[PDB]
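S.K.:
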Amino acid sequence: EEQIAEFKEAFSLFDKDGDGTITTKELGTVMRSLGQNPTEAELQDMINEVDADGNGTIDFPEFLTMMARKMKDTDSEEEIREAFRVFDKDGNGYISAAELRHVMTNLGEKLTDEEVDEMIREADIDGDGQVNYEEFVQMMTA
Amino acid sequence: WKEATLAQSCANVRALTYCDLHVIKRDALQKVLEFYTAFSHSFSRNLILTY
Amino acid sequence: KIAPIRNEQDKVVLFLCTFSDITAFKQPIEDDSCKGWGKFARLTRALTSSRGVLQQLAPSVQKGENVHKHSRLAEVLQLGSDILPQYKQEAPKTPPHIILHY
Amino acid sequence: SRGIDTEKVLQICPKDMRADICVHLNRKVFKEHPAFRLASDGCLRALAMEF
Amino acid sequence: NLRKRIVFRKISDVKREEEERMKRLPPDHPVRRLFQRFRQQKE
Numbered sequence: 006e007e008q009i010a011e012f013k014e015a016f017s018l019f020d021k022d023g024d025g026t027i028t029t030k031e032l033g034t035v036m037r038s039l040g041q042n043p044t045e046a047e048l049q050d051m052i053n054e055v056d057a058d059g060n061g062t063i064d065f066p067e068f069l070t071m072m073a074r075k076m077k078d079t080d081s082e083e084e085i086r087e088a089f090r091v092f093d094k095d096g097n098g099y100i101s102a103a104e105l106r107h108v109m110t111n112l113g114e115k116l117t118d119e120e121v122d123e124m125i126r127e128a129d130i131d132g133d134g135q136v137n138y139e140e141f142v143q144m145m146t147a
Numbered sequence: 622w623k624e625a626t627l628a629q630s631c632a633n634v635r636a637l638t639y640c641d642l643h644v645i646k647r648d649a650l651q652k653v654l655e656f657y658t659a660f661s662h663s664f665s666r667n668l669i670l671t672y
Numbered sequence: 112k113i114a115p116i117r118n119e120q121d122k123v124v125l126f127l128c129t130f131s132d133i134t135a136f137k138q139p140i141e142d143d144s145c146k147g148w149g150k151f152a153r154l155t156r157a158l159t160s161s162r163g164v165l166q167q168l169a170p171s172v173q174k175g176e177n178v179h180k181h182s183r184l185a186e187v188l189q190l191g192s193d194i195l196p197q198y199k200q201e202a203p204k205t206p207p208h209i210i211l212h213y
Numbered sequence: 520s521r522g523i524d525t526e527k528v529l530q531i532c533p534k535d536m537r538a539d540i541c542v543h544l545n546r547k548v549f550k551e552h553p554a555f556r557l558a559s560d561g562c563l564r565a566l567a568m569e570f
Numbered sequence: 673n674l675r676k677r678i679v680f681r682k683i684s685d686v687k688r689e690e691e692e693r694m695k696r704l705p706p707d708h709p710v711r712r713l714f715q716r717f718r719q720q721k722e
C-alpha cells in the first residue's frame, strides 16, 4: 500500500492541467505529443469509468484502485501487512508494548505481562524497543 | 560463518584507481557474530557478497 | 545500443550496452491486465526515463517522435568520447601553453 | 602522515571515546550497507573496534 | 547485578492503555499459531 508513494511524480506529470485532477485538454495535448489518436468518446468514457467522481476531475483514488487491482499482491505478504496495520493501533508503522497488549486482549490471545515483555524482546534485535516489519517477518518465519 | 574452513584464493584482484577499503578479520567477525547471535541470523540472511 | 571498446594495445576487450524504454510511444501491448486503460497508464508511468528531462518539452509540442529519437540517441552517441582511454589507466592531461613548473 | 601518530592517539583515547571515534570513521559503511541498518549499538561498537 | 533486569510500567503508558480500553479474530489463525508457539516456548 505505502509502496505506491513513488507514484506521486507520475501523478504530477500526468496532471498537466495543474488543477489537482486530469483534464481533457491536457490529455489531448499529451496524446498529440505522443502521436496516437484514440477516439474522443474512447478517452471520455475511459475517464468516466476510471474517475470515482466521474465529473472529468480524475482524482488520485481512481489510479490508486487501478494499481491495487493490477497488483494482486501475495496473500502471505498481504496478511503480514494487515496484521502489522491492525496491531499498530495508530497505523503509523510502529509496534509498542501497549499496542501489543491491547491487540492481544482484544483478540482474546492474552498473555501474562512478562510474556508480553518477552515477546517484545524476542523481536527486538536492535535493542531500542521498537518492532518493525522485518522483525515481524522474522517472528512469522516460525 | 557457514564454511568455517579457510580456503585458497582462486583469482587475483588488482586496483585501477586510488581506492579506500574496509577490511574485517574472519576470527573476530565470527566471535562478535556468535556473541550477538540475534543479529547473526539477520546479518547472514541479509548480507550478500558481490564475488 | 551497443559499443565495444578497444584497448591501448589496439586490442578490443569490452562490450558496452545501453537501454531505454519507449513503451509509452510504441503500440499498446498487454498479455494480461486489470484494464486496458490501467495498463496504458502503468506503461506510461514506467516510461518516466524518456518522459523526464530528455523529453520534458513534449507536451508543449505535437508529433514529438520526429525529434525524440534523435534526442535520446545523442546522449548515447556521446559515449564515443568515453571509449577513448581504451582500458588504459594513465595520468590525466594538462592544458598547453601552461608549462609544468618542475 | 608526517607527525600524526594515529595509533598513539587511539591508545591515548579512552575506551568509550575510542568506540565513538571508530564508529564515526566507519559511519560510511554502517549507514550505506543495509546489513547494518538493523544492528544494535553494542555490536556496532565492537565491529567499529574490529574494522 | 548487570545480568538481571527489572520490569516496570510508565504512568503515562498505563493511562494511555486505560483510555484506549475506554475507547474500545477468526482470520487471525496465523498470528494465533505464533501465539501458541510462543506459549509452547515459554512452557
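Chains as they are written, first to last, in the entry's author numbering: chain A, 6 to 147; chain B, 622 to 672; chain C, 112 to 213; chain D, 520 to 570; chain E, 673 to 696, 704 to 722.
For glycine and all other residues, C-beta sits at the position ideal for the given N, C-alpha and C.
1) Can you name, in chain order, every residue of its own chain whose Cβ lies under 6 Å from the Cβ of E31 (chain A), other than the five neighbours on each side?
2) Helix, strand or coil, according to DSSP, for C640 (chain B) in the structure here?
3) Please determine if the region 108-119 of chain A and the region 622-631 of chain B are in contact, where contact requires at least 3 C-beta pairs separated by less than 8 Å.
4) Flag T34 (chain A) as yes if its beta-carbon sits less than 8 Å from any beta-carbon of chain C, otherwise no.
5) Less than 8 Å between C-beta atoms, sequence neighbours within five positions excluded: which residues of the same chain meet that for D118 (chain A)?
6) Ordered along the chain, which non-local residues of its own chain (more than five positions away) have a Cβ less than 8 Å from that of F68 (chain A)?
7) Using the three-state DSSP reduction, which class does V164 (chain C) fall into: helix, strand or coil?
8) What does DSSP give as the partner residues of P115 (chain C) in its beta bridges?
9) What do you get for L704 (chain E), buried or exposed, if any count of 16 or more other CB atoms within 10 angstroms of its CB means buried?
10) I need the boundaries of the alpha helix (DSSP H) containing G191 (chain C), first residue and last residue.
11) List the residues of chain A whose Cβ lies closer than 8 Å to the Cβ of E176 (chain C), in chain order.
12) Which whole-angstrom value describes the C-beta separation of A135 (chain C) and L154 (chain C), a residue pair presumed to lie in contact below a C-beta threshold of 8 Å?
13) Going by the beta-carbon positions, is the gap between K94 (chain A) and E692 (chain E) smaller than 8 Å?
14) Residues of chain A with CB closer than 7 Å to the CB of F660 (chain B), please, in chain order.
15) Report all residues from its chain with a CB closer than 8 Å to the CB of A558 (chain D); omit the five preceding and five following residues, and keep chain order.
16) Can you name the start and end residues of the alpha helix (DSSP H) that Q41 (chain A) belongs to?
17) Taking Cβ-Cβ distances shorter than 8 Å, what residues in chain A pair up with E692 (chain E)?
18) When Cβ atoms are compared, which residues of the region 538-563 of chain D fall closer than 8 Å to chain A?
19) Whose C-alpha, out of A:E140, A:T26, A:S38, is nearest the C-alpha of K137 (chain C)?
20) What residue from A:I125, A:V142, A:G25, A:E7 has the CA that sits closest to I85 (chain A)'s CA?
21) Can you give me the C-alpha to C-alpha distance between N97 (chain A) and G175 (chain C), rounded to a whole angstrom?
22) Which parts of the region 72-101 of chain A are runs of the alpha helix (DSSP H), unbroken and 4 residues or longer, counting only runs that do not cross its ends?
23) Going along the chain, which residues of the region 155-168 of chain C sit with their C-beta nearer than 7 Å to a C-beta in chain A?
24) If you reduce the DSSP assignment to three classes, tell me which class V178 (chain C) lands in.
25) Around the Cβ of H179 (chain C), are there at least 16 other Cβ atoms within 10 angstroms (buried) or fewer (exposed)?
26) If we ignore side chains and look at the alpha-carbon of each, how far apart do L650 (chain B) and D560 (chain D) end up?
M.R.: Judging by the given coordinates:
1) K21, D22
2) coil
3) no
4) yes
5) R106
6) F12, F16, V55
7) Per DSSP, reduced to three states, the secondary structure at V164 (chain C) is coil, with no helix or strand assignment.
8) C:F126
9) Exposed, since its Cβ has fewer than 16 Cβ neighbours within 10 Å.
10) 190-193
11) For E176 (chain C), the residues of chain A that pass the 8 Å Cβ criterion are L39, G40, in the order they occur in the chain.
12) 6 Å
13) Between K94 (chain A) and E692 (chain E), the C-beta gap is smaller than 8 Å, which places the two residues in contact.
14) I130
15) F549, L566
16) That residue, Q41 (chain A), is in no alpha helix (DSSP H); it is neither H nor E in DSSP.
17) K94, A103, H107
18) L557, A558, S559, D560, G561
19) Of the listed residues, the one whose Cα sits closest to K137 (chain C) is A:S38.
20) Nearest C-alpha to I85 (chain A): A:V142.
21) 44 Å
22) 80-92
23) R156, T159, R162
24) helix
25) buried
26) 16 Å
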